[PDB]
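Residue numbers (the authors' numbering), protein chains in the order written: chain P, 1 to 298; chain X, 215 to 225; chain B, 21 to 130; chain S, 76 to 360.
We put the beta carbon where it would ideally sit given N, CA and C, even for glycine.
In what follows, a structure is listed as structure tokens, so that the remarks can point back to it.
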Amino acid sequence: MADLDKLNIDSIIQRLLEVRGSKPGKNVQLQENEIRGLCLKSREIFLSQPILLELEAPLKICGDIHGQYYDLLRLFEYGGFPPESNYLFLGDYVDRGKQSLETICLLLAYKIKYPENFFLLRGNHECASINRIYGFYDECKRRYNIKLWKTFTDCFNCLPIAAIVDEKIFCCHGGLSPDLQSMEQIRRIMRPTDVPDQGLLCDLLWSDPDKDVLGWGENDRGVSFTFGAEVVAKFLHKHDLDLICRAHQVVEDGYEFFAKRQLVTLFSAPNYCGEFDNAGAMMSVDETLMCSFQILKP
Amino acid sequence: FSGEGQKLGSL
Amino acid sequence: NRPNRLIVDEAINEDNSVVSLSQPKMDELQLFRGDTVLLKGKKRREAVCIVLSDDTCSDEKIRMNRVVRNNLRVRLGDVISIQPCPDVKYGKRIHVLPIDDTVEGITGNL
Amino acid sequence: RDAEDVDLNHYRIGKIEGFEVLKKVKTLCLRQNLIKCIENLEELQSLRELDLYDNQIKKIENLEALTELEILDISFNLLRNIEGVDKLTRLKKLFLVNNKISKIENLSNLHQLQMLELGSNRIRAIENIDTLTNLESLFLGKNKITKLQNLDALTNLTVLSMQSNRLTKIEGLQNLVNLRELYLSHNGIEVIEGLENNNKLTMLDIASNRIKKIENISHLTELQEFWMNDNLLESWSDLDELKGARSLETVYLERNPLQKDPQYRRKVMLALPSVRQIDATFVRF
Numbered sequence: 001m002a003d004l005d006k007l008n009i010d011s012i013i014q015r016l017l018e019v020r021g022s023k024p025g026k027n028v029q030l031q032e033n034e035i036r037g038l039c040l041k042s043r044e045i046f047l048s049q050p051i052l053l054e055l056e057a058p059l060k061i062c063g064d065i066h067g068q069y070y071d072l073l074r075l076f077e078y079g080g081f082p083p084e085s086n087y088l089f090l091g092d093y094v095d096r097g098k099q100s101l102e103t104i105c106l107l108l109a110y111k112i113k114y115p116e117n118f119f120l121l122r123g124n125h126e127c128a129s130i131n132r133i134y135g136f137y138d139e140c141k142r143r144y145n146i147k148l149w150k151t152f153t154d155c156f157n158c159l160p161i162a163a164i165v166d167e168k169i170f171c172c173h174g175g176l177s178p179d180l181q182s183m184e185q186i187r188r189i190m191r192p193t194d195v196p197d198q199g200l201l202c203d204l205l206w207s208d209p210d211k212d213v214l215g216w217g218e219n220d221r222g223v224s225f226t227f228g229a230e231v232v233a234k235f236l237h238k239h240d241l242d243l244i245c246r247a248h249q250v251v252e253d254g255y256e257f258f259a260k261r262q263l264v265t266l267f268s269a270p271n272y273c274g275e276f277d278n279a280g281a282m283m284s285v286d287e288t289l290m291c292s293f294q295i296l297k298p
Numbered sequence: 215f216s217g218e219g220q221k222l223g224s225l
Numbered sequence: 021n022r023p024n025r026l027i028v029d030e031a032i033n034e035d036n037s038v039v040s041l042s043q044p045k046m047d048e049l050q051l052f053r054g055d056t057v058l059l060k061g062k063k064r065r066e067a068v069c070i071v072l073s074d075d076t077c078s079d080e081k082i083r084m085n086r087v088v089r090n091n092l093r094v095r096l097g098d099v100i101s102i103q104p105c106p107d108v109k110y111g112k113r114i115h116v117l118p119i120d121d122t123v124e125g126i127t128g129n130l
Numbered sequence: 076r077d078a079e080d081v082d083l084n085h086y087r088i089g090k091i092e093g094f095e096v097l098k099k100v101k102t103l104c105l106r107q108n109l110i111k112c113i114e115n116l117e118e119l120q121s122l123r124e125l126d127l128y129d130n131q132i133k134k135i136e137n138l139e140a141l142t143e144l145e146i147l148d149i150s151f152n153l154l155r156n157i158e159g160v161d162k163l164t165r166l167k168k169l170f171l172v173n174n175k176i177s178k179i180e181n182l183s184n185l186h187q188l189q190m191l192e193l194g195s196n197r198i199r200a201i202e203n204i205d206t207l208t209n210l211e212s213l214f215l216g217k218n219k220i221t222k223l224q225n226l227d228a229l230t231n232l233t234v235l236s237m238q239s240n241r242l243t244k245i246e247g248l249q250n251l252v253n254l255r256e257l258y259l260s261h262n263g264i265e266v267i268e269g270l271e272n273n274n275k276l277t278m279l280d281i282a283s284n285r286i287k288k289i290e291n292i293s294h295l296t297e298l299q300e301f302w303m304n305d306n307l308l309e310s311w312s313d314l315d316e317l318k319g320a321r322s323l324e325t326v327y328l329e330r331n332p333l334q335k336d337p338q339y340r341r342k343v344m345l346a347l348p349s350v351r352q353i354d355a356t357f358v359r360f
């Protein structure tokens with residue numbers, strides 16, 4: 001971004017590359033005035049874009065990084081580091097651990113240097129509240145003070161919500177929703193925003209692509225409305241949609257194609273909580289809307 | 215002369 | 021007639037939207053130091069500004085700067101009525117344009 | 076030579092070597108580890124820090140044998156319980172928060188301790204939270220108990236943090252002789268005690284305080300952080316008291332109903348130039 005901001009962005013990129021291929025947990029901190037200016041610029045840029053973004057084909061969209069610096073670095077090394085490749089996370093981009101801050105800083109730096117080669121989203125694990133995602137709020141409270149935490153929360157609330165790949169594949173966090181009607185109210189819903197417990201964005205971030213329901217029902221979050229196969233099919237038919245991205249789940253195969261290859265549940269969460277050996281994967285979207293399952297380590 | 219057509223001076 | 025038409029005195033401050041109002045002026049009128057009131061001028065010249073609290077800079081007369089007088093098309097000592105202007109909200113899409121005689125010389129996005 | 080730090084962060088291996096071979100290991104980091112725990116904890120006597128996050132083990136290993144430890148980062152683990160932490164009285168730091176912690180215990184007392192964090196437990200059980208008297212900084216926030224255990228015994232601590240705590244009942248705040256830092260965000264206390272007793276605090280947190288005015292803020296010419304977040308606001312008397320002083324830096328009103336007019340914000344900013352920061356946007360001063 002700015003001269004000091006761009007220098008800090010280059011330094012953070014170099015630090016992440018030096019921490020690439022190694023154990024996760026990078027932080028990538030900064031100064032006080034410089035970080036305040038960078039956060040203000042990032043909030044302004046993210047709020048500048050609409051809630052419904054559009055991807056630039058081709059791109060290497062990853063699954064749920066779960067706030068892992070090692071996973072993000074591996075995706076950058078394999079799927080293409082920024083700004084050499086466009087990245088679009090489906091959701092759950094931040095989670096428990098001290099490695100989500102580095103990924104967020106890298107994404108912000110890439111967007112500042114090239115907004116057409118950087119994108120990320122939040123799900124049930126990367127929510128703005130510590131009730132659903134304490135891997136950010138509690139981490140900031142323990143490490144940093146409250147002013148920087150408030151600035152980060154405001155910047156995150158000033159971010160976009162969804163993305164689309166050539167109007168072919170929907171880059172959603174989880175599954176469909178019964179509350180989502182059209183894009184007119186989505187683009188109208190500007191900053192600020194957050195993942196709720198129930199509704200449409202709540203079902204996108206917390207719920208996953210449901211098949212036991214038809215129009216609406218309960219979800220894994222317990223309050224979300226995991227729209228069933230019928231609701232997703234009706235939404236795709238009305239909106240001429242073909243694919244929807246799913247994340248925020250422990251995928252044993254990483255990338256699962258659901259709804260007859262219409263819900264690519266790509267998840268980049270390797271070894272979720274250790275016990276759940278969830279596989280990592282990415283959605284390699286080519287220039288001709290060719291969705292490929294780029295699996296990764298578990 | 216035009217209204218809401220040019221990119222404005224963002225702060 | 022009405023007491024609200026206070027004399028438009030001269031303001032020592034160069035701020036355009038600031039009028040040095042007497043303690044009696046700020047008190048007898050509902051004029052706080054941060055009250056956005058509307059002043060009506062000649063030929064339907066209405067504007068909203070701030071009312072500064074300066075008892076020593078006003079004696080029953082609204083000390084107004086020359087910029088304020090020029091913008092409002094009013095002279096010194098004018099009995100200008102002042103009314104509250106709380107309906108002034110943020111504009112949606114306000115069209116603006118510089119003055120050719122005034123933007124002549126200031127190059128770039130001035 | 077012997078490694079001075081054991082890093083097991085996402086090691087993707089159930090067995091970690093160098094714990095006993097390298098007795099000079101001082102940073103036994105296993106944050107976001109794919110393994111259960113780290114063995115040979117008591118084998119390395121010269122261990123300073125021991126991080127274990129996202130640990131697959133449901134129990135601790137040699138949690139009491141390391142009597143020479145300095146930092147015990149057992150935070151963000153999936154362990155069922157944390158026991159034996161009260162035995163090591165020489166542990167200068169302890170981080171066992173943001174973990175499952177179905178049985179939060181072994182936090183009775185210690186001789187040489189400086190940092191302690193064993194909150195965010197699934198069970199709201201606290202055992203002897205105010206037993207030691209050698210601490211200088213207190214972090215009692217994020218308490219799962221509906222009420223605080225004891226806070227009047229802390230008379231030597233210069234830093235108090237009780238933010239985002241579910242302990243609605245918080246008393247004994249006036250029993251402290253002095254405290255340089257005192258955070259009472261979401262403490263559930265109607266009024267702030269110890270304002271007259273501990274008046275040497277440079278920071279103050281109200282967090283939408285039900286009190287209309289601030290407790291002796293005009294005479295408080297030392298607090299540089301007068302924060303009242305998510306205020307209604309209660310009244311403007313606290314604002315007048317804050318404006319009376321000039322040695323404040325951070326001032327939060329905050330997000331009150333009087334901010335609807337943009338002219339009100341400018342008038343407030345002009346009125347209070349002595350505050351270095353204004354809630355979110357720092358005052359130009």
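Excluding the 5 residues preceding and the 5 following residue i in the sequence, name in chain order all residues of the same chain whose CB lies nearer than 7 angstroms to its CB.
i: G263/S; result: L242, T243, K244 and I245
i: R197/S; result: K175, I176 and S177
i: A109/P; result: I9, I12 and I13
Can you pull the chain P neighbours of residue i, defined as C-beta to C-beta under 9 angstroms?
i: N130/S; result: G274
i: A355/S; result: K147, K150, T151 and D154
Quick check: is the beta carbon of residue i nearer than 8 angstroms to any beta carbon in chain S?
i: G21/P; result: no
i: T56/B; result: yes
i: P24/P; result: yes
i: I70/B; result: yes
i: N219/P; result: no
Verify the CB distance criterion: does residue i have a CB-CB separation below 8 angstroms to chain X?
i: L130/B; result: no
i: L117/B; result: yes
Which residues in the same chain as residue i place their Cβ atom closer than 6 angstroms to its Cβ, once the five residues preceding and following it in sequence are excluded?
i: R53/B; result: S73
i: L185/S; result: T164 and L207
i: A200/S; result: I179
i: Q294/P; result: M282 and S284
i: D280/S; result: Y258, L259, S260 and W302
i: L191/S; result: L169
Could you tell me whether the Cβ atoms of residue i and residue j are closer together than 8 angstroms?
i: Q120/S; j: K98/S; result: yes
i: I82/B; j: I27/B; result: yes
i: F225/P; j: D203/P; result: yes
i: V358/S; j: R351/S; result: yes
i: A279/P; j: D253/P; result: yes
i: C171/P; j: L88/P; result: yes
i: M190/P; j: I51/P; result: yes
i: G67/P; j: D95/P; result: yes
i: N173/S; j: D286/P; result: no
i: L188/S; j: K167/S; result: yes
Near residue i, which residues of its chain fall below 8 angstroms by C-beta distance, leaving aside the five closest residues on each side in sequence?
i: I286/S; result: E265, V266, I267, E309 and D313
i: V99/B; result: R25, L26, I27 and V28
Say whether chain P places a C-beta atom closer than 8 angstroms to the C-beta of residue i.
i: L109/S; result: yes
i: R106/S; result: yes
i: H85/S; result: yes
Given that residue i touches chain X, what residues does it touch there, using C-beta distances under 7 angstroms?
i: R113/B; result: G217 and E218
For residue i, go through chain S and note every residue whose CB falls closer than 8 angstroms to its CB, in chain order.
i: residue 16/B; result: The structure shown has nothing for residue 16/B, since chain B only spans 21 to 130.
i: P106/B; result: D336
i: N157/P; result: Here the premise fails: no neighbours, minimum Cβ distance about 12 angstroms.
Which bits of chain P does residue i rub up against, with CB to CB less than 8 angstroms?
i: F151/S; result: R96 and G97
i: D82/S; result: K23
Check whether the Cβ of residue i sits closer than 7 angstroms to any heavy atom of the ligand PLP, and report yes or no.
i: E158/S; result: Here there are no bound small molecules, and the ligand PLP is not part of this structure.
Counting only beta-carbon atoms, is residue i nearer than 8 angstroms to chain B?
i: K342/S; result: yes
i: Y327/S; result: no
So, under 8 angstroms CB-CB, residue i and residue j are touching, yes? Tell me the CB distance rounded to an integer number of Å.
i: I88/S; j: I110/S; result: 6 angstroms
i: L182/S; j: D161/S; result: 6 angstroms
i: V71/B; j: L51/B; result: 5 angstroms
Could you list which residues in chain S have their beta carbon closer than 7 angstroms to that of residue i, in chain order?
i: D138/P; result: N173
Give me the chain S residues within the contact set of residue i, using Cβ-Cβ distance strictly less than 9 angstroms, ordered along the chain.
i: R53/B; result: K342, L345 and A346
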